[PDB]
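Let me begin by presenting the structure, written as structure tokens, before commenting on it.
There are 2 protein chains.
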Amino acid sequence: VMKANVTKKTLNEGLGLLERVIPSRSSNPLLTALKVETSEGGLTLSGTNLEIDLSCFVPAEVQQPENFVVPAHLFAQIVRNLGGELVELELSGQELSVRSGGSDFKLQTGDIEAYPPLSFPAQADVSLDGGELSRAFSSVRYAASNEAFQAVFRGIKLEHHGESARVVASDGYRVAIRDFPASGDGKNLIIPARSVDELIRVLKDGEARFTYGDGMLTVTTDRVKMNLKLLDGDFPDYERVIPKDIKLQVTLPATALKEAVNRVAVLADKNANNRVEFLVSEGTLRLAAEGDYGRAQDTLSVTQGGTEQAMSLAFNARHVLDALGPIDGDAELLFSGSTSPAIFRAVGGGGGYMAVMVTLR
Amino acid sequence: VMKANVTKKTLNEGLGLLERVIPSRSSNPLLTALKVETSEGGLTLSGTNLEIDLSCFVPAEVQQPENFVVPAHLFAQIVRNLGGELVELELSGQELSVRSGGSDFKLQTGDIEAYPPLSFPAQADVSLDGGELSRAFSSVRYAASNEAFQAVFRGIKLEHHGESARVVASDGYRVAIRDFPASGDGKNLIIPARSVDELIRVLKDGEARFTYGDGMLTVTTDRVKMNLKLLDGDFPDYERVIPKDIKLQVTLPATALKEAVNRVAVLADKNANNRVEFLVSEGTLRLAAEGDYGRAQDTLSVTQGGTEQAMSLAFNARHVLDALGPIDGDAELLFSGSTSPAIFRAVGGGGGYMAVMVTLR
């Protein structure tokens with residue numbers, strides 16, 4: 001019979017990744033299954049949620065390899081709860097045995113013949129660092145909206161520029177951009193935002209390889225392969241909504257600003273777009289909000305420069321916090337005018353991140 | 001005008017206790033309010049959820065003391081978010097100012113005149129150690145059920161026995177008991193289980209004083225005063241369901257047993273009472289469960305004694321884990337028969353805790 005010896009730690013890692021993708025509930029009885037393919041070198045764990053496919057390799061010693069399906073979440077739970085560090089798998093008839101020390105678990109297996117063949121192409125069309133790509137994704141993802149009229153804005157654009165690459169998200173008004181190092185000569189892609197979320201969960205430091213397909217992308221890392229759909233169309237010209245006529249620059253500690261926006265926003269009305277006023281004057285930034293319960297003000301010392309010495313602006317506090325999220329150390333706020341867009345970034349644009357914010361009307 | 005200076009740490013502690021009791025939403029507009037009473041020595045924070053009343057004293061420096069009401073959760077949230085270590089309160093008209101460092105918050109106060117006078121009687125009728133009482137409560141609370149036919153079983157019985165006291169909870173079948181040290185003699189009481197939960201949240205090491213009332217109890221500690229209802233009726237004779245004829249005793253590590261029951265129970269049927277089979281023989285305990293998805297077994301080494309050398313029983317795994325919760329180190333399991341009740345306790349009954357468990361049909 002088929003028998004495999006595998007490390008619990010490694011099997012846990014793979015199953016943890018797959019259980020977050022595979023649905024726990026479905027009217028399709030096989031959609032909740034994990035497919036396990038065995039060969040000499042180890043186990044390949046795979047599944048789908050119909051928007052992405054995921055495969056993870058787990059090194060193992062296997063005899064008499066055979067493929068099977070089991071309920072993904074139950075199997076992950078059983079393995080997690082096992083006491084020992086080394087796991088024995090055995091497949092006999094329609095029963096998977098999962099053993100470690102005094103523990104002996106049996107799972108009924110499913111209809112492997114009815115589970116779809118999942119194919120992951122390998123051609124290394126582009127290569128970049130997965131950690132760089134993941135942190136870039138995480139820095140811009142908030143700006144994409146599934147509800148935008150333009151379908152393209154529901155995804156994240158990836159651009160290649162030789163020695164570097166860029167990811168961009170937007171709703172047509174706010175924009176988030178992060179530039180990062182790339183081994184870079186590839187094509188522009190638009191990745192669905194929910195697929196970026198899955199990518200973030202699997203990418204680690206080290207090389208990530210892209211294989212281009214027809215309306216799809218395959219991303220391969222150390223041990224993981226993921227299929228995802230790509231959006232059609234050209235991402236819009238976001239450069240046009242980035243302000244270049246800056247009148248006022250304010251520099252201040254990022255953490256103080258985040259904590260000040262957070263605390264003041266509690267008194268903004270439940271829905272007047274979480275309104276927060278920014279008043280720059282005399283080397284200070286005052287934040288103000290007001291609603292039915294009361295009113296809040298917080299005042300911060302800042303360094304200010306430019307052709308205006310004072311400015312009053314209104315922003316969605318939640319969007320402010322979204323935009324500031326990736327900024328650490330000191331923030332630089334660049335204002336084009338009291339009712340026109342602003343840029344938030346780290347000092348000098350260091351790290352490659354930039355947010356464009358619109359004011360409330 | 002009224003003005004108070006208070007440490008943020010101490011104000012946070014008091015507000016944290018009150019916000020747990022005061023509802024965050026109600027059709028009664030004042031029920032969600034915190035009452036704040038000021039005097040020279042500090043602030044008294046009070047409120048109600050209609051089942052309990054709670055009052056907490058926070059030391060502060062106050063000028064021109066005056067009372068007011070404010071929304072409890074909003075106020076607690078504003079204070080938590082403050083950046084500095086000192087809070088300044090100021091009351092002018094219907095506006096409470098809350099200030100720390102660069103932060104200045106204004107809250108609209110409510111109709112203090114329409115907030116009920118809450119009264120906390122002081123007569124020290126009995127005195128117990130709050131830490132002992134809290135740990136006893138926590139050891140038996142799980143056994144009480146709000147869904148029991150007999151209203152008395154929805155509460156926790158407190159019994160006085162001179163230098164010792166006892167708390168007991170039950171659903172008429174399972175029983176949890178903890179004996180603990182008591183300072184002098186008192187009245188037997190039945191405390192509603194949800195009020196025990198609130199008491200657990202406020203009790204600390206040190207003295208807790210009881211003031212008896214008509215169908216109610218007031219508990220006073222260093223920090224707080226709490227009013228709660230008491231249940232009427234006679235707590236039933238739980239002694240009669242405690243097995244006296246023990247045939248088999250097994251001793252083993254409580255943590256190993258908890259982890260084994262937990263892992264095996266995953267394969268019990270979604271509702272056959274979380275069935276786990278216990279098989280004792282030849283110095284081992286084997287746990288087994290089985291359902292539609294598969295089957296599980298775990299085996300543990302135990303020490304064993306008594307008139308029977310082997311026994312097979314079935315238990316609700318959830319009730320097993322409830323019963324083992326308070327046991328640290330070695331657990332002693334005492335069986336009266338394959339389908340009659342069992343006792344779970346620490347070695348020798350040490351610590352004063354005992355659980356009585358019924359078997360499944």
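Residue numbers (the deposited numbering), protein chains in the order written: chain A, 1 to 361; chain B, 1 to 361. Built from N, CA and C at the ideal position, the CB exists for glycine as well.
Cβ pair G291/B, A268/B closer than 8 Å: For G291/B and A268/B, yes; Cβs fall inside 8 Å.
Endpoints, the beta strand (DSSP E) within which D185/A is located: For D185/A, there is no enclosing beta strand (DSSP E), since its DSSP letter is neither H nor E.
Proximity below 8 Å, CB of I190/B to CB of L128/B: Not in contact: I190/B and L128/B (Cβ atoms no closer than 8 Å).
Under 9 Å from the C-beta of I78/A: neighbouring residues of chain D: Here the protein chains are A and B, and chain D is not one of them.
Alpha-carbon spacing of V219/B relative to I200/B, whole angstroms: Straight-line Cα distance between these residues: approximately 12 Å.
Boundaries of the alpha helix (DSSP H) in which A76/A is found, first to last residue: It spans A72 to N81 - the alpha helix (DSSP H) in which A76/A sits, taken as one unbroken run.
Identified DSSP bridge partners for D330/A: Its beta-bridge partners are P253/A.
CB contact flag (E66/B, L50/B, <8 Å): Not closer than 8 Å, so no.
Counted within 10 angstroms of its Cβ, other Cβ atoms place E132/A as buried (16 or more) or exposed: With 16 or more other Cβ atoms within 10 Å, it is buried.
Contacts that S103/A makes with chain B (C-beta to C-beta distance below 9 Å): The contacting residues are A260, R263, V264, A296, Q297, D298 and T299.
Neighbour list for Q108/A in chain B, Cβ cutoff strictly below 7 Å: Those are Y293 and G294, listed as they occur along chain B.
Neighbour-count burial assignment, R361/A, 16 or more Cβ in a 10 Å radius: Classification of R361/A: exposed, given that the 10 Å Cβ count is below 16.
Contact residues within the region 80-93 of chain B, judged by C-beta distance below 8 Å to chain A: Per Cβ criterion, the list reads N81, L82 and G83.
Under the three-state DSSP convention, the category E85/A falls into: Coil, per DSSP.
Secondary structure, beta strand (DSSP E): runs of 3+ residues fully inside the region 6-44 of chain B: Counting whole runs of 3 or more residues, the region 6-44 of chain B contains the beta strand (DSSP E) stretches 33-39.
Range covered by the alpha helix (DSSP H) that runs through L321/B: Segment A317 to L324, the alpha helix (DSSP H) holding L321/B.
DSSP state of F105/B mapped onto helix, strand, coil: Here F105/B carries a strand assignment [DSSP, helix/strand/coil].
Cβ of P71/B within 8 Å of any chain A Cβ: By this cut-off, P71/B is an interface position.
Any alpha helix (DSSP H) of 4 or more consecutive residues that is wholly inside the region 92-162 of chain B: Every alpha helix (DSSP H) stretch that sits fully inside the region 92-162 of chain B and reaches 4 residues is listed by chain position as 130-140.
Proximity test, Cβ basis, 8 Å: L74/B and chain A: Nearest CB-CB separation between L74/B and chain A: below the 8 Å threshold.
Selection from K3/B, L31/B and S27/B that minimises the alpha carbon distance to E37/B: Checked all of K3/B, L31/B and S27/B; the closest Cα to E37/B is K3/B.
When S301/B, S100/B, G93/B and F68/B are compared against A114/B, the one with the closest alpha-carbon: Scanning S301/B, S100/B, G93/B and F68/B for the CA closest to the CA of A114/B turns up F68/B.
Collapsed DSSP secondary structure at residue 372/A in the structure displayed: This structure cannot settle anything about residue 372/A, because the visible part of chain A is limited to 1 through 361.
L203/A versus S134/A - alpha carbon distance: Approximately 6 Å between the Cα atoms of the pair.
Alpha carbon of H73/B to alpha carbon of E147/A, nearest angstrom: For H73/B and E147/A, the distance between alpha carbons rounds to 33 Å.
Distance between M354/B and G206/A (C-alpha atoms, nearest Å): Each residue's alpha carbon lies about 55 Å from the other.
CB contact flag (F210/B, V126/B, <8 Å): With contacts defined as CB atoms closer than 8 Å, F210/B and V126/B qualify as a contacting pair.
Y212/B, DSSP secondary structure in three states: Looking at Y212/B - three-state DSSP - the assignment turns out to be strand.
Buried versus exposed, by CB contacts within 10 Å (16 or more), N227/A: Under the 10 Å beta carbon count, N227/A is surrounded by 16 or more other beta carbons and is classified as buried.
Rounded straight-line distance, which links the Cα of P253/A to that of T109/A: Cα to Cα, the separation comes out at about 56 Å.
From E239/A, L300/A and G294/A, residue whose alpha carbon lies closest to that of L285/A: The option with the nearest alpha carbon to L285/A is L300/A.
CA nearest to the CA of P59/B, picked from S97/B, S100/B, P23/B and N12/B: Ranking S97/B, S100/B, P23/B and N12/B by Cα distance to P59/B puts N12/B first.
Length-filtered (4 minimum) alpha helix (DSSP H) runs lying within the region 271-311 of chain B: Taking only runs of at least 4 residues, no alpha helix (DSSP H) segment lies wholly in the region 271-311 of chain B.
6 Å Cβ shell around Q63/A - same chain, five flanking residues per side excluded: Closer than 6 Å at the Cβ level, and outside the excluded window around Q63/A, lie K3.
Buried versus exposed call for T32/B [16 or more other C-beta atoms within 10 Å across all chains shown]: Buried, by the Cβ-count rule.
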